[PDB]
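Encoded as structure tokens, the following chain is the form deposited in one PDB entry, with no partner shown.
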């Protein structure tokens, strides 16, 4: 061999990843060796748990498919890597990434197993949390798309329906002083037309209020937390695009009264727009900063080095459906501005000195 066996055992004993060695006895794989790393990870003392099967790490959490795959791989005589939910001495849960390798010891005419085990609890937590944030943000983004669609369509349609109603009113005023035998039939037809216009407006508001229904809650929220959550969702691709991230956060100006999912979605949209504007940019730098502002408010600034704003673009940004992308919708900024203004702040934009875009809002 290449190493003195004492050195190998020493390395195993002081390794940080849990290492155990077990002996096949019937339908039990009794532990015969554990290292102090495993004692730490499990909170169990070797003298207590030796020469038993490690199923008690599951405890009362019997039914998970990791158990089944591991058991059948053991019978089949094949290594297997899985993840399991294990409980420590004090009952606390952790996720355990486990590799079992079965080995046939010829000299003893026996089967042994070697198990390497890592604590993937923190990673599993953050991944599940991001899954939750992703699903909730998807639902809120489709909701806001529907809402701004209805609002813009209603506003654009308001003028023709009002013109029709006024025309019917004026025509009835003109025909009031008439003797033509058809005049009553005309009056009935025009009255029914006006009622149709009224019902069209009613249908507009019916759909508008059926989709835009939702709790307009406001709670104390940490800006650091929601900025990190929004970066986690929206700024995934920053590394591959070589985007420089800077979070300049102020702990004294960190708690605001807001609906966290709505500010999350405004920031996610800003981050996506900034990353897109810096796809062909030589300098790719994103700065997020919070500062105190007047009226006991807090101002958030997001600056990039992207393609920025053409001269006429800035005053159109917040209008619904204004877009510079061939496949863009132009609803993100309009919804964002309405959300910021509904929360008691004002959202607005400006060009920065680097040729990119800076967005600010207050809460």
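Definition used throughout: the rigid core is the maximal C-alpha set that superposes within 1.5 Å between two forms. Residue numbers count along the first chain shown, from 1.
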property: Segment of higher mean CA temperature factor, 315-323 or 58-66; result: 315-323
property: Between 258-266 and 173-181 (mean CA B-factor, as deposited), the higher; result: 258-266
property: Out of 76, 148, 221, 119, highest CA B-factor residue; result: 221
property: Member of 351, 9, 16, 24 with the greatest C-alpha B factor (per the PDB record); result: 351
property: Residue 89, C-alpha B-factor rank within chain (lowest, middle or highest third); result: lowest
property: Third assignment of residue 113 from its chain's C-alpha B-factors; result: lowest
property: Relative C-alpha B-factor of residue 201, binned into the chain's lowest, middle or highest third; result: middle
property: Record-listed C-alpha B factor of residue 187: chain third; result: lowest
property: Entry-reported Cα temperature factor of residue 36, expressed as the chain third it lands in; result: lowest
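Missing here is the form deposited in another entry; even so, the following discussion is about that form.
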{"item": "Residue among 169, 129, 206, 219 with C-alpha shift of 2 Å or more between this form and the one not shown, core superposed", "value": "169"}
{"item": "Post core alignment: residue 183 C-alpha displaced by 2 Å or more between this form and the one not shown", "value": "yes"}
{"item": "Flag for residue 50, CA shift 2 Å or larger between this form and the one not shown after aligning core", "value": "yes"}
{"item": "Exceeds or equals 2 Å, Cα of residue 310 between this form and the one not shown, core fit", "value": "no"}
